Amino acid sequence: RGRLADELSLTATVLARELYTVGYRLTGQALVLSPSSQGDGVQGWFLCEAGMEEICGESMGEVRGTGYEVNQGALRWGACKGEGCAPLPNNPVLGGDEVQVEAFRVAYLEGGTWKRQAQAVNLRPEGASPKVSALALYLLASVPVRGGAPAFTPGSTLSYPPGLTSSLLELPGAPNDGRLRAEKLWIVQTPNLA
């Protein structure tokens, strides 16, 4: 609980709902993961079925894309239509003001091993390549608080699934600036990529 924790929970509900659908009834490129020291990027595509997803409203039987990235302390989102469309991530989700997003990490689970590396998933009639069963997403954010907060250790509040470690996620340190910090790790199943 806490205002910032509640905002991170909202953010996770938005991203999880969107990413669960990636690959849905799709042939071709379904996911691209672009981890970097500056923040990770994730793009995904899926086929729209009428009635299921709001953004599909005008794209029945058509491919849609989705993308998330962090830039200048803000997590941003974009959406597009068309096979292989490049989302432009210009819609604010969280941060870039009082709230600073200090880390955004995405790892993936392939055959029981967690990885964080450049990766593209292609769905072929024979199957997915590689087979990705889940994504792990991590956010660290900070905000000012009158009187300061004690120094926060990223990773200290997480419950990891089997095989996932702070070392893989490359969690940053926290600058000694008195700000209130909160973090969130969440796992999103990706049955359409598996």
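All residue numbers are counted from 1 along the displayed sequence.
TODO: Would you mind comparing 181-189 and 16-24 for me and telling me which has the higher average C-alpha temperature factor in the entry?
DONE: The recorded data point to 16-24.
Task: Of 159-167 and 124-132, the one with larger mean CA B-factor - done: Higher mean C-alpha B-factor: 124-132.
Task: Residue selected from 52, 30, 42, 140 by maximal Cα B factor - done: Spelled out: the listed residue with the top C-alpha B-factor is 52.
Task: Out of 113, 100, 117, 71, residue topping the C-alpha B-factor column of the entry - done: Among 113, 100, 117, 71, the PDB entry lists the largest C-alpha B-factor for 71.
Task: Assigned third (lowest, middle, highest) for the C-alpha B factor of residue 35 - done: Its C-alpha B-factor, which the entry lists for residue 35, ranks in the lowest third among residues of this chain.
TODO: Could you tell me which third, lowest, middle or highest, the C-alpha B-factor of residue 67 occupies within its chain?
DONE: Within its chain, residue 67 is a lowest-third residue by C-alpha B-factor, going by the deposited values.
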